[PDB]
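Engineer: Okay, here's the structure, questions in a sec.
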Amino acid sequence: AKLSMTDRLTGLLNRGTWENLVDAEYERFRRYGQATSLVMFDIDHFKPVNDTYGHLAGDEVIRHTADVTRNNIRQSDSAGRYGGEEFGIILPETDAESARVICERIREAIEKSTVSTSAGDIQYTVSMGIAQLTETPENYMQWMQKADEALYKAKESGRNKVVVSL
Ligand SMILES: Nc1nc2c(ncn2[C@@H]2O[C@@H]3COP(=O)(O)O[C@H]4[C@@H](O)[C@H](n5cnc6c(=O)[nH]c(N)nc65)O[C@@H]4COP(=O)(O)O[C@H]3[C@H]2O)c(=O)[nH]1
Ligand SMILES: Nc1nc2c(ncn2[C@@H]2O[C@@H]3COP(=O)(O)O[C@H]4[C@@H](O)[C@H](n5cnc6c(=O)[nH]c(N)nc65)O[C@@H]4COP(=O)(O)O[C@H]3[C@H]2O)c(=O)[nH]1
């Protein structure tokens with residue numbers, strides 16, 4: 001019964017469990033210094049999508065996003081549903097430049113997608129933020145903060161894009 005750890009709608013890890021994994025990777029880094037990156041991404045114009053096509057359509061968009069993610073990342077990477085339309089991925093042994101590759105592959109897969117819903121045929125995009133862990137963040141939440149900041153820049157910078165935290 002691994003139901004305590006997963007999000008019902010997407011099947012991905014839930015926020016609580018995913019964060020525990022982020023914290024575990026953070027401490028592993030503090031000890032060993034391996035390249036490791038974090039991704040935080042959101043579905044673009046979600047509210048508008050939800051308002052326009054209905055919440056059921058929105059759920060399908062969320063489920064498809066999770067499916068694209070699940071089928072596009074390594075079993076050693078860890079994806080989680082952080083919030084309503086927000087997702088996160090832990091990418092161990094992966095530096096910033098390498099993270100951009102998997103992120104772009106996901107971005108493109110989503111961009112080329114068509115969510116066949118009962119309300120209509122939808123096309124959407126995602127904004128993504130990447131933050132490779134450095135010695136600066138003093139706890140895992142400050143690491144998450146850097147990725148979230150990169151995500152905001154991606155959204156404000158045009159959306160349907162990947163931004164790496166500098
Ligand atoms: N373009 C690209 N896509 C990536 C990359 N890493 C992961 N993916 C995608 O995400 C899935 C990851 O599978 P996995 O759990 O690592 O499990 C993988 C993997 O562990 C193993 N495998 C396949 N090719 C390689 C490889 O070139 N090197 C290693 N070490 N293992 C491989 O077999 C499974 C095959 O999975 P897939 O059907 O290919 O499905 C793959 C793959 O299409 C990547 O570096 N580049
Ligand atoms: N954590 C994580 N990192 C990722 C992922 N996708 C890409 N990267 C990083 O970014 C580089 C992407 O290389 P690529 O152009 O996809 O070119 C890749 C890829 O196309 C192929 N390859 C490796 N593994 C797989 C695989 O599992 N499935 C498939 N289909 N191809 C693979 O060989 C090349 C191996 O590249 P790398 O030396 O591993 O270096 C990789 C990898 O370390 C991912 O899903 N998760």
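Residues are referred to by chain and number: the chain letter is A, B, ... according to the order shown in the structure tokens, the number counts from 1 in that chain, and ligands are numbered separately from 1 in the order shown.
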For residue 108 in chain A, find every residue with an atom within 10 Å (counting only C-alpha atoms), except residues of its own chain fewer than 4 positions away, and show them as a PyMOL selection string.

Structural biologist: chain A and resi 102-104+112-113+125-126+160-161

Engineer: Could you turn the residues from that selection into a file that holds C-alpha atoms, as a CSV table (one decimal), in the first residue's frame?

Structural biologist:
```
chain,number,residue,atom,x,y,z
A,102,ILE,CA,15.6,16.4,-20.4
A,103,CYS,CA,13.6,19.5,-19.7
A,104,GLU,CA,13.6,20.5,-23.3
A,112,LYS,CA,3.5,18.8,-29.7
A,113,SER,CA,0.7,17.3,-27.6
A,125,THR,CA,2.7,24.4,-22.9
A,126,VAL,CA,4.8,24.4,-19.8
A,160,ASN,CA,6.9,27.7,-23.1
A,161,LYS,CA,10.6,27.7,-22.2
```

Engineer: With the cut-off set at 7 Å and counting only C-alpha atoms and all ligand atoms, tabulate each residue of chain A with an atom at most that distance from an atom of ligand 1, showing the nearest atom pair and its distance in Å to one decimal, ordered by chain and increasing number, as CSV.

Structural biologist:
```
residue,atom,partner,partner_atom_place_in_ligand_line,distance
A:71,CA,ligand 1,10 (O),5.9
A:72,CA,ligand 1,10 (O),4.1
A:73,CA,ligand 1,10 (O),4.0
A:74,CA,ligand 1,12 (C),3.6
A:75,CA,ligand 1,15 (O),3.6
A:76,CA,ligand 1,15 (O),6.4
```

Engineer: Compute the set of protein, DNA and RNA residues whose minimum atom distance to ligand 2 is at most 10 Å, using only C-alpha atoms and all ligand atoms, and state it as a VMD selection string.

Structural biologist: chain A and resid 36 to 38 69 to 78 89 to 106

Engineer: Where in range 53-165 of chain A does DSSP assign strand (DSSP E or B), given as an MDAnalysis selection string?

Structural biologist: chainID A and resid 78:81 86:92 115:116 121:122 126:132 162:164

Engineer: Those residues with N, CA and C atoms, as a PDB file, in the first residue's frame please?

Structural biologist:
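Output below, filename part.pdb:
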```
ATOM      1  N   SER A  78      13.441  11.577  -9.962  1.00  0.00           N
ATOM      2  CA  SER A  78      12.239  11.495  -9.143  1.00  0.00           C
ATOM      3  C   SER A  78      11.283  12.650  -9.393  1.00  0.00           C
ATOM      4  N   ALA A  79      10.118  12.338  -9.953  1.00  0.00           N
ATOM      5  CA  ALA A  79       9.118  13.364 -10.242  1.00  0.00           C
ATOM      6  C   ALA A  79       8.015  13.399  -9.195  1.00  0.00           C
ATOM      7  N   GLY A  80       7.497  14.592  -8.928  1.00  0.00           N
ATOM      8  CA  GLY A  80       6.436  14.709  -7.952  1.00  0.00           C
ATOM      9  C   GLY A  80       5.465  15.801  -8.339  1.00  0.00           C
ATOM     10  N   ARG A  81       4.238  15.706  -7.844  1.00  0.00           N
ATOM     11  CA  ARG A  81       3.264  16.747  -8.130  1.00  0.00           C
ATOM     12  C   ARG A  81       3.346  17.633  -6.907  1.00  0.00           C
ATOM     13  N   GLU A  86       1.596  22.468 -10.602  1.00  0.00           N
ATOM     14  CA  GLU A  86       3.056  22.519 -10.446  1.00  0.00           C
ATOM     15  C   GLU A  86       3.675  21.138 -10.234  1.00  0.00           C
ATOM     16  N   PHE A  87       4.799  20.892 -10.901  1.00  0.00           N
ATOM     17  CA  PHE A  87       5.499  19.613 -10.792  1.00  0.00           C
ATOM     18  C   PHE A  87       6.968  19.857 -10.474  1.00  0.00           C
ATOM     19  N   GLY A  88       7.624  18.847  -9.919  1.00  0.00           N
ATOM     20  CA  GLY A  88       9.035  18.977  -9.614  1.00  0.00           C
ATOM     21  C   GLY A  88       9.733  17.687  -9.997  1.00  0.00           C
ATOM     22  N   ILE A  89      11.016  17.770 -10.330  1.00  0.00           N
ATOM     23  CA  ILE A  89      11.782  16.574 -10.666  1.00  0.00           C
ATOM     24  C   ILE A  89      13.168  16.697 -10.050  1.00  0.00           C
ATOM     25  N   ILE A  90      13.645  15.614  -9.442  1.00  0.00           N
ATOM     26  CA  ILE A  90      14.982  15.596  -8.865  1.00  0.00           C
ATOM     27  C   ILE A  90      15.802  14.879  -9.920  1.00  0.00           C
ATOM     28  N   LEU A  91      16.911  15.483 -10.321  1.00  0.00           N
ATOM     29  CA  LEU A  91      17.766  14.877 -11.326  1.00  0.00           C
ATOM     30  C   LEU A  91      19.152  14.630 -10.732  1.00  0.00           C
ATOM     31  N   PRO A  92      19.372  13.438 -10.161  1.00  0.00           N
ATOM     32  CA  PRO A  92      20.679  13.142  -9.573  1.00  0.00           C
ATOM     33  C   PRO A  92      21.755  12.927 -10.637  1.00  0.00           C
ATOM     34  N   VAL A 115      -4.372  17.296 -26.204  1.00  0.00           N
ATOM     35  CA  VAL A 115      -5.183  16.605 -25.232  1.00  0.00           C
ATOM     36  C   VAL A 115      -6.600  16.460 -25.722  1.00  0.00           C
ATOM     37  N   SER A 116      -6.936  15.257 -26.158  1.00  0.00           N
ATOM     38  CA  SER A 116      -8.275  14.998 -26.635  1.00  0.00           C
ATOM     39  C   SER A 116      -9.212  14.936 -25.434  1.00  0.00           C
ATOM     40  N   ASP A 121     -10.322  19.757 -28.325  1.00  0.00           N
ATOM     41  CA  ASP A 121      -8.932  19.347 -28.529  1.00  0.00           C
ATOM     42  C   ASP A 121      -8.001  20.479 -28.126  1.00  0.00           C
ATOM     43  N   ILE A 122      -7.286  20.253 -27.031  1.00  0.00           N
ATOM     44  CA  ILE A 122      -6.386  21.229 -26.432  1.00  0.00           C
ATOM     45  C   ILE A 122      -4.893  21.111 -26.701  1.00  0.00           C
ATOM     46  N   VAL A 126       4.359  24.338 -21.133  1.00  0.00           N
ATOM     47  CA  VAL A 126       4.827  24.406 -19.755  1.00  0.00           C
ATOM     48  C   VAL A 126       6.018  25.343 -19.678  1.00  0.00           C
ATOM     49  N   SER A 127       6.197  25.936 -18.507  1.00  0.00           N
ATOM     50  CA  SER A 127       7.330  26.816 -18.246  1.00  0.00           C
ATOM     51  C   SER A 127       8.150  25.991 -17.260  1.00  0.00           C
ATOM     52  N   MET A 128       9.469  25.990 -17.402  1.00  0.00           N
ATOM     53  CA  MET A 128      10.302  25.185 -16.512  1.00  0.00           C
ATOM     54  C   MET A 128      11.513  25.919 -15.950  1.00  0.00           C
ATOM     55  N   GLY A 129      11.811  25.647 -14.682  1.00  0.00           N
ATOM     56  CA  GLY A 129      12.949  26.258 -14.022  1.00  0.00           C
ATOM     57  C   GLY A 129      13.899  25.195 -13.512  1.00  0.00           C
ATOM     58  N   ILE A 130      15.192  25.396 -13.746  1.00  0.00           N
ATOM     59  CA  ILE A 130      16.225  24.445 -13.333  1.00  0.00           C
ATOM     60  C   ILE A 130      17.209  25.101 -12.374  1.00  0.00           C
ATOM     61  N   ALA A 131      17.590  24.377 -11.329  1.00  0.00           N
ATOM     62  CA  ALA A 131      18.569  24.883 -10.394  1.00  0.00           C
ATOM     63  C   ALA A 131      19.505  23.755  -9.996  1.00  0.00           C
ATOM     64  N   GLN A 132      20.755  23.847 -10.432  1.00  0.00           N
ATOM     65  CA  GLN A 132      21.726  22.841 -10.031  1.00  0.00           C
ATOM     66  C   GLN A 132      22.120  23.251  -8.619  1.00  0.00           C
ATOM     67  N   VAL A 162      12.507  26.932 -20.982  1.00  0.00           N
ATOM     68  CA  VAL A 162      13.268  26.414 -19.854  1.00  0.00           C
ATOM     69  C   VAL A 162      14.280  27.471 -19.448  1.00  0.00           C
ATOM     70  N   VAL A 163      14.340  27.782 -18.156  1.00  0.00           N
ATOM     71  CA  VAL A 163      15.304  28.760 -17.675  1.00  0.00           C
ATOM     72  C   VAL A 163      16.177  28.119 -16.613  1.00  0.00           C
ATOM     73  N   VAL A 164      17.482  28.329 -16.722  1.00  0.00           N
ATOM     74  CA  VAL A 164      18.422  27.793 -15.748  1.00  0.00           C
ATOM     75  C   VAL A 164      18.775  28.909 -14.770  1.00  0.00           C
TER      76      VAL A 164
END
```

Engineer: Mind pulling up the distance from CA of residue 11 in chain A to CA of residue 117 in chain A?

Structural biologist: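 Result for CA of residue 117 in chain A versus CA of residue 11 in chain A: 19.6 Å, one decimal.
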
Engineer: For the atom pair CA of residue 19 in chain A and CA of residue 3 in chain A, what is the interatomic distance in Å to one decimal place?

Structural biologist: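 Between CA of residue 19 in chain A and CA of residue 3 in chain A the gap is 16.2 Å.
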
Engineer: Which of these residues is nearest to residue 13 in chain A, using only C-alpha atoms: A:66, A:154, A:147, A:110?

Structural biologist: A:66

Engineer: Please measure the separation of CA of residue 111 in chain A and CA of residue 124 in chain A, giving the value in Å to one decimal.

Structural biologist: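 CA of residue 111 in chain A sits 6.2 Å away from CA of residue 124 in chain A.
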
Engineer: List the spatial neighbours of residue 50 in chain A as a PyMOL selection string - criterion: any atom at most 12 Å away, only C-alpha atoms, same-chain residues fewer than 2 positions off excluded.

Structural biologist: chain A and resi 43-48+52-62+84-85+117+119-120+122+124

Engineer: Keeping only N, CA, C and O atoms, write the selected residues to a file as an mmCIF file, in the first residue's frame.

Structural biologist:
```cif
data_model
loop_
_atom_site.group_PDB
_atom_site.id
_atom_site.type_symbol
_atom_site.label_atom_id
_atom_site.label_comp_id
_atom_site.auth_asym_id
_atom_site.auth_seq_id
_atom_site.Cartn_x
_atom_site.Cartn_y
_atom_site.Cartn_z
ATOM 1 N N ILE A 43 2.153 24.287 -15.695
ATOM 2 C CA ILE A 43 1.437 24.247 -16.956
ATOM 3 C C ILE A 43 1.086 25.707 -17.236
ATOM 4 O O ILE A 43 0.564 26.391 -16.365
ATOM 5 N N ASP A 44 1.386 26.186 -18.437
ATOM 6 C CA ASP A 44 1.092 27.572 -18.795
ATOM 7 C C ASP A 44 -0.401 27.834 -18.946
ATOM 8 O O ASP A 44 -1.146 26.964 -19.394
ATOM 9 N N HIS A 45 -0.827 29.036 -18.563
ATOM 10 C CA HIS A 45 -2.227 29.446 -18.681
ATOM 11 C C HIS A 45 -3.224 28.412 -18.162
ATOM 12 O O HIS A 45 -4.286 28.221 -18.759
ATOM 13 N N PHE A 46 -2.904 27.758 -17.050
ATOM 14 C CA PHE A 46 -3.797 26.736 -16.521
ATOM 15 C C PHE A 46 -5.191 27.230 -16.155
ATOM 16 O O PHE A 46 -6.187 26.640 -16.579
ATOM 17 N N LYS A 47 -5.270 28.295 -15.361
ATOM 18 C CA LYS A 47 -6.564 28.847 -14.959
ATOM 19 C C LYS A 47 -7.386 29.116 -16.225
ATOM 20 O O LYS A 47 -8.529 28.680 -16.335
ATOM 21 N N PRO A 48 -6.813 29.847 -17.198
ATOM 22 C CA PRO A 48 -7.544 30.127 -18.437
ATOM 23 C C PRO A 48 -8.034 28.841 -19.113
ATOM 24 O O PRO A 48 -9.169 28.774 -19.590
ATOM 25 N N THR A 52 -12.007 28.011 -19.466
ATOM 26 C CA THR A 52 -12.507 27.813 -20.819
ATOM 27 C C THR A 52 -13.042 26.424 -21.152
ATOM 28 O O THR A 52 -14.154 26.295 -21.662
ATOM 29 N N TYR A 53 -12.263 25.387 -20.870
ATOM 30 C CA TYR A 53 -12.693 24.031 -21.199
ATOM 31 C C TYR A 53 -13.322 23.214 -20.075
ATOM 32 O O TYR A 53 -13.815 22.111 -20.312
ATOM 33 N N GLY A 54 -13.318 23.748 -18.859
ATOM 34 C CA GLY A 54 -13.899 23.015 -17.744
ATOM 35 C C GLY A 54 -12.837 22.300 -16.934
ATOM 36 O O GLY A 54 -11.771 21.978 -17.460
ATOM 37 N N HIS A 55 -13.125 22.029 -15.663
ATOM 38 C CA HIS A 55 -12.154 21.373 -14.796
ATOM 39 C C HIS A 55 -11.761 19.959 -15.222
ATOM 40 O O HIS A 55 -10.617 19.542 -15.007
ATOM 41 N N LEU A 56 -12.690 19.223 -15.826
ATOM 42 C CA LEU A 56 -12.399 17.868 -16.282
ATOM 43 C C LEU A 56 -11.310 17.932 -17.346
ATOM 44 O O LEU A 56 -10.424 17.079 -17.405
ATOM 45 N N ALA A 57 -11.393 18.947 -18.199
ATOM 46 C CA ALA A 57 -10.399 19.119 -19.247
ATOM 47 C C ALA A 57 -9.063 19.406 -18.573
ATOM 48 O O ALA A 57 -8.033 18.848 -18.952
ATOM 49 N N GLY A 58 -9.099 20.273 -17.563
ATOM 50 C CA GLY A 58 -7.898 20.631 -16.832
ATOM 51 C C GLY A 58 -7.215 19.426 -16.216
ATOM 52 O O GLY A 58 -5.993 19.322 -16.239
ATOM 53 N N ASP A 59 -8.002 18.514 -15.655
ATOM 54 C CA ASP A 59 -7.443 17.314 -15.046
ATOM 55 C C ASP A 59 -6.749 16.465 -16.103
ATOM 56 O O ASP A 59 -5.691 15.891 -15.851
ATOM 57 N N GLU A 60 -7.346 16.385 -17.286
ATOM 58 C CA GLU A 60 -6.751 15.612 -18.365
ATOM 59 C C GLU A 60 -5.419 16.221 -18.765
ATOM 60 O O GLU A 60 -4.481 15.507 -19.112
ATOM 61 N N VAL A 61 -5.337 17.545 -18.712
ATOM 62 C CA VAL A 61 -4.104 18.236 -19.059
ATOM 63 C C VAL A 61 -3.046 17.903 -18.008
ATOM 64 O O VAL A 61 -1.885 17.681 -18.338
ATOM 65 N N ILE A 62 -3.460 17.857 -16.745
ATOM 66 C CA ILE A 62 -2.546 17.530 -15.659
ATOM 67 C C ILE A 62 -2.075 16.088 -15.795
ATOM 68 O O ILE A 62 -0.883 15.805 -15.687
ATOM 69 N N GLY A 84 -1.146 22.243 -7.434
ATOM 70 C CA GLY A 84 -2.207 22.066 -8.413
ATOM 71 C C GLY A 84 -1.714 21.805 -9.819
ATOM 72 O O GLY A 84 -1.962 20.743 -10.368
ATOM 73 N N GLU A 85 -1.043 22.769 -10.428
ATOM 74 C CA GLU A 85 -0.527 22.539 -11.768
ATOM 75 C C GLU A 85 0.992 22.624 -11.777
ATOM 76 O O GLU A 85 1.600 22.811 -12.826
ATOM 77 N N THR A 117 -9.981 16.003 -25.232
ATOM 78 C CA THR A 117 -10.924 16.039 -24.115
ATOM 79 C C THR A 117 -12.364 16.105 -24.629
ATOM 80 O O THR A 117 -12.603 16.353 -25.820
ATOM 81 N N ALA A 119 -14.396 18.326 -23.943
ATOM 82 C CA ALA A 119 -14.742 19.727 -24.142
ATOM 83 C C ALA A 119 -14.132 20.242 -25.441
ATOM 84 O O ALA A 119 -14.652 21.186 -26.048
ATOM 85 N N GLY A 120 -13.033 19.621 -25.862
ATOM 86 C CA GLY A 120 -12.378 20.044 -27.087
ATOM 87 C C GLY A 120 -10.951 19.546 -27.173
ATOM 88 O O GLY A 120 -10.423 18.967 -26.223
ATOM 89 N N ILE A 122 -7.286 20.253 -27.031
ATOM 90 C CA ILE A 122 -6.386 21.229 -26.432
ATOM 91 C C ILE A 122 -4.893 21.111 -26.701
ATOM 92 O O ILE A 122 -4.335 20.018 -26.776
ATOM 93 N N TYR A 124 -1.275 22.996 -25.251
ATOM 94 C CA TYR A 124 -0.782 23.837 -24.171
ATOM 95 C C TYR A 124 0.729 23.718 -24.061
ATOM 96 O O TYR A 124 1.359 22.971 -24.802
#
```

Engineer: Using DSSP assignments from the backbone, pull out every residue in range 60-161 of chain A that falls under helix (DSSP H, G or I) and give it to me as a PDB file with N, CA and C atoms, in the first residue's frame.

Structural biologist:
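Written output follows (states15.pdb):
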```
ATOM      1  N   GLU A  60      -7.346  16.385 -17.286  1.00  0.00           N
ATOM      2  CA  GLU A  60      -6.751  15.612 -18.365  1.00  0.00           C
ATOM      3  C   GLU A  60      -5.419  16.221 -18.765  1.00  0.00           C
ATOM      4  N   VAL A  61      -5.337  17.545 -18.712  1.00  0.00           N
ATOM      5  CA  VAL A  61      -4.104  18.236 -19.059  1.00  0.00           C
ATOM      6  C   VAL A  61      -3.046  17.903 -18.008  1.00  0.00           C
ATOM      7  N   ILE A  62      -3.460  17.857 -16.745  1.00  0.00           N
ATOM      8  CA  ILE A  62      -2.546  17.530 -15.659  1.00  0.00           C
ATOM      9  C   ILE A  62      -2.075  16.088 -15.795  1.00  0.00           C
ATOM     10  N   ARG A  63      -3.012  15.176 -16.034  1.00  0.00           N
ATOM     11  CA  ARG A  63      -2.660  13.769 -16.173  1.00  0.00           C
ATOM     12  C   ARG A  63      -1.732  13.536 -17.356  1.00  0.00           C
ATOM     13  N   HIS A  64      -1.985  14.228 -18.461  1.00  0.00           N
ATOM     14  CA  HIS A  64      -1.141  14.069 -19.637  1.00  0.00           C
ATOM     15  C   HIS A  64       0.263  14.580 -19.345  1.00  0.00           C
ATOM     16  N   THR A  65       0.344  15.701 -18.634  1.00  0.00           N
ATOM     17  CA  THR A  65       1.631  16.289 -18.283  1.00  0.00           C
ATOM     18  C   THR A  65       2.433  15.298 -17.439  1.00  0.00           C
ATOM     19  N   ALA A  66       1.764  14.677 -16.476  1.00  0.00           N
ATOM     20  CA  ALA A  66       2.413  13.699 -15.614  1.00  0.00           C
ATOM     21  C   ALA A  66       2.850  12.496 -16.441  1.00  0.00           C
ATOM     22  N   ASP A  67       2.008  12.084 -17.385  1.00  0.00           N
ATOM     23  CA  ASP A  67       2.337  10.946 -18.228  1.00  0.00           C
ATOM     24  C   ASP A  67       3.544  11.251 -19.101  1.00  0.00           C
ATOM     25  N   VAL A  68       3.583  12.450 -19.668  1.00  0.00           N
ATOM     26  CA  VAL A  68       4.706  12.844 -20.505  1.00  0.00           C
ATOM     27  C   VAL A  68       5.977  12.818 -19.660  1.00  0.00           C
ATOM     28  N   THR A  69       5.864  13.314 -18.433  1.00  0.00           N
ATOM     29  CA  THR A  69       7.000  13.366 -17.517  1.00  0.00           C
ATOM     30  C   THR A  69       7.459  11.957 -17.156  1.00  0.00           C
ATOM     31  N   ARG A  70       6.523  11.149 -16.671  1.00  0.00           N
ATOM     32  CA  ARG A  70       6.814   9.778 -16.273  1.00  0.00           C
ATOM     33  C   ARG A  70       7.466   8.976 -17.394  1.00  0.00           C
ATOM     34  N   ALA A  96      23.468  21.345 -14.558  1.00  0.00           N
ATOM     35  CA  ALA A  96      22.515  22.267 -15.173  1.00  0.00           C
ATOM     36  C   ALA A  96      22.317  22.080 -16.672  1.00  0.00           C
ATOM     37  N   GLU A  97      23.418  21.988 -17.406  1.00  0.00           N
ATOM     38  CA  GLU A  97      23.347  21.834 -18.852  1.00  0.00           C
ATOM     39  C   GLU A  97      22.664  20.536 -19.264  1.00  0.00           C
ATOM     40  N   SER A  98      22.901  19.461 -18.511  1.00  0.00           N
ATOM     41  CA  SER A  98      22.291  18.171 -18.824  1.00  0.00           C
ATOM     42  C   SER A  98      20.808  18.183 -18.482  1.00  0.00           C
ATOM     43  N   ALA A  99      20.460  18.892 -17.415  1.00  0.00           N
ATOM     44  CA  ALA A  99      19.066  19.006 -17.002  1.00  0.00           C
ATOM     45  C   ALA A  99      18.253  19.694 -18.098  1.00  0.00           C
ATOM     46  N   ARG A 100      18.859  20.677 -18.743  1.00  0.00           N
ATOM     47  CA  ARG A 100      18.173  21.393 -19.806  1.00  0.00           C
ATOM     48  C   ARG A 100      17.731  20.435 -20.910  1.00  0.00           C
ATOM     49  N   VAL A 101      18.539  19.418 -21.187  1.00  0.00           N
ATOM     50  CA  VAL A 101      18.207  18.439 -22.224  1.00  0.00           C
ATOM     51  C   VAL A 101      16.919  17.676 -21.930  1.00  0.00           C
ATOM     52  N   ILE A 102      16.810  17.104 -20.736  1.00  0.00           N
ATOM     53  CA  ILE A 102      15.607  16.373 -20.373  1.00  0.00           C
ATOM     54  C   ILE A 102      14.431  17.343 -20.299  1.00  0.00           C
ATOM     55  N   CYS A 103      14.664  18.539 -19.764  1.00  0.00           N
ATOM     56  CA  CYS A 103      13.592  19.518 -19.671  1.00  0.00           C
ATOM     57  C   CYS A 103      13.071  19.910 -21.055  1.00  0.00           C
ATOM     58  N   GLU A 104      13.981  20.166 -21.988  1.00  0.00           N
ATOM     59  CA  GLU A 104      13.588  20.528 -23.346  1.00  0.00           C
ATOM     60  C   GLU A 104      12.807  19.395 -24.001  1.00  0.00           C
ATOM     61  N   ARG A 105      13.254  18.160 -23.784  1.00  0.00           N
ATOM     62  CA  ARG A 105      12.578  17.005 -24.361  1.00  0.00           C
ATOM     63  C   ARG A 105      11.147  16.961 -23.841  1.00  0.00           C
ATOM     64  N   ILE A 106      10.963  17.252 -22.556  1.00  0.00           N
ATOM     65  CA  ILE A 106       9.622  17.262 -21.988  1.00  0.00           C
ATOM     66  C   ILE A 106       8.835  18.459 -22.536  1.00  0.00           C
ATOM     67  N   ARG A 107       9.465  19.632 -22.568  1.00  0.00           N
ATOM     68  CA  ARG A 107       8.795  20.828 -23.085  1.00  0.00           C
ATOM     69  C   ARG A 107       8.266  20.576 -24.486  1.00  0.00           C
ATOM     70  N   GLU A 108       9.122  20.035 -25.345  1.00  0.00           N
ATOM     71  CA  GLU A 108       8.741  19.767 -26.725  1.00  0.00           C
ATOM     72  C   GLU A 108       7.639  18.722 -26.822  1.00  0.00           C
ATOM     73  N   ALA A 109       7.727  17.679 -26.002  1.00  0.00           N
ATOM     74  CA  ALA A 109       6.720  16.626 -26.023  1.00  0.00           C
ATOM     75  C   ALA A 109       5.362  17.198 -25.637  1.00  0.00           C
ATOM     76  N   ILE A 110       5.367  18.158 -24.720  1.00  0.00           N
ATOM     77  CA  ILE A 110       4.128  18.782 -24.283  1.00  0.00           C
ATOM     78  C   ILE A 110       3.622  19.738 -25.362  1.00  0.00           C
ATOM     79  N   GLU A 111       4.542  20.488 -25.958  1.00  0.00           N
ATOM     80  CA  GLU A 111       4.196  21.448 -27.003  1.00  0.00           C
ATOM     81  C   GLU A 111       3.556  20.750 -28.207  1.00  0.00           C
ATOM     82  N   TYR A 140      17.384  22.318   1.998  1.00  0.00           N
ATOM     83  CA  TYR A 140      16.752  21.944   0.739  1.00  0.00           C
ATOM     84  C   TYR A 140      15.707  22.913   0.228  1.00  0.00           C
ATOM     85  N   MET A 141      15.112  23.685   1.126  1.00  0.00           N
ATOM     86  CA  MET A 141      14.081  24.616   0.704  1.00  0.00           C
ATOM     87  C   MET A 141      14.665  25.812  -0.029  1.00  0.00           C
ATOM     88  N   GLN A 142      15.886  26.199   0.321  1.00  0.00           N
ATOM     89  CA  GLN A 142      16.534  27.314  -0.366  1.00  0.00           C
ATOM     90  C   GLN A 142      16.934  26.862  -1.773  1.00  0.00           C
ATOM     91  N   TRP A 143      17.149  25.558  -1.932  1.00  0.00           N
ATOM     92  CA  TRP A 143      17.488  24.975  -3.226  1.00  0.00           C
ATOM     93  C   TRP A 143      16.212  25.026  -4.080  1.00  0.00           C
ATOM     94  N   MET A 144      15.097  24.626  -3.483  1.00  0.00           N
ATOM     95  CA  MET A 144      13.826  24.649  -4.188  1.00  0.00           C
ATOM     96  C   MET A 144      13.486  26.083  -4.597  1.00  0.00           C
ATOM     97  N   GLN A 145      13.838  27.027  -3.733  1.00  0.00           N
ATOM     98  CA  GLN A 145      13.579  28.434  -3.994  1.00  0.00           C
ATOM     99  C   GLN A 145      14.278  28.897  -5.260  1.00  0.00           C
ATOM    100  N   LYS A 146      15.520  28.463  -5.459  1.00  0.00           N
ATOM    101  CA  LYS A 146      16.270  28.852  -6.650  1.00  0.00           C
ATOM    102  C   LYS A 146      15.627  28.323  -7.925  1.00  0.00           C
ATOM    103  N   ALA A 147      15.120  27.095  -7.873  1.00  0.00           N
ATOM    104  CA  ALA A 147      14.472  26.505  -9.036  1.00  0.00           C
ATOM    105  C   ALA A 147      13.158  27.226  -9.315  1.00  0.00           C
ATOM    106  N   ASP A 148      12.459  27.583  -8.247  1.00  0.00           N
ATOM    107  CA  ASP A 148      11.189  28.287  -8.361  1.00  0.00           C
ATOM    108  C   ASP A 148      11.407  29.674  -8.962  1.00  0.00           C
ATOM    109  N   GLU A 149      12.530  30.301  -8.621  1.00  0.00           N
ATOM    110  CA  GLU A 149      12.862  31.627  -9.145  1.00  0.00           C
ATOM    111  C   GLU A 149      13.128  31.548 -10.645  1.00  0.00           C
ATOM    112  N   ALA A 150      13.792  30.476 -11.066  1.00  0.00           N
ATOM    113  CA  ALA A 150      14.094  30.260 -12.472  1.00  0.00           C
ATOM    114  C   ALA A 150      12.785  30.032 -13.225  1.00  0.00           C
ATOM    115  N   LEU A 151      11.855  29.334 -12.584  1.00  0.00           N
ATOM    116  CA  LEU A 151      10.555  29.052 -13.182  1.00  0.00           C
ATOM    117  C   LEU A 151       9.802  30.357 -13.407  1.00  0.00           C
ATOM    118  N   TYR A 152       9.839  31.237 -12.414  1.00  0.00           N
ATOM    119  CA  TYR A 152       9.147  32.515 -12.540  1.00  0.00           C
ATOM    120  C   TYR A 152       9.730  33.314 -13.700  1.00  0.00           C
ATOM    121  N   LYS A 153      11.049  33.274 -13.851  1.00  0.00           N
ATOM    122  CA  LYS A 153      11.698  33.983 -14.945  1.00  0.00           C
ATOM    123  C   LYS A 153      11.237  33.399 -16.280  1.00  0.00           C
ATOM    124  N   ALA A 154      11.078  32.078 -16.337  1.00  0.00           N
ATOM    125  CA  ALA A 154      10.636  31.432 -17.573  1.00  0.00           C
ATOM    126  C   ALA A 154       9.236  31.910 -17.946  1.00  0.00           C
ATOM    127  N   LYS A 155       8.380  32.042 -16.941  1.00  0.00           N
ATOM    128  CA  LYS A 155       7.002  32.481 -17.150  1.00  0.00           C
ATOM    129  C   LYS A 155       6.931  33.935 -17.584  1.00  0.00           C
ATOM    130  N   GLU A 156       7.700  34.775 -16.900  1.00  0.00           N
ATOM    131  CA  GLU A 156       7.732  36.202 -17.176  1.00  0.00           C
ATOM    132  C   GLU A 156       8.469  36.521 -18.464  1.00  0.00           C
TER     133      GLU A 156
END
```

Engineer: For each of A:29, A:34, A:83, A:4, take the minimum atom-to-atom distance to residue 17 in chain A, counting only C-alpha atoms, then give the residue where this is smallest.

Structural biologist: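 Residue with the minimum atom-to-atom distance to residue 17 in chain A: A:4.
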
Engineer: Rank nothing, just name the residue among A:49, A:12, A:137, A:158 nearest to residue 123 in chain A, using only C-alpha atoms.

Structural biologist: A:49
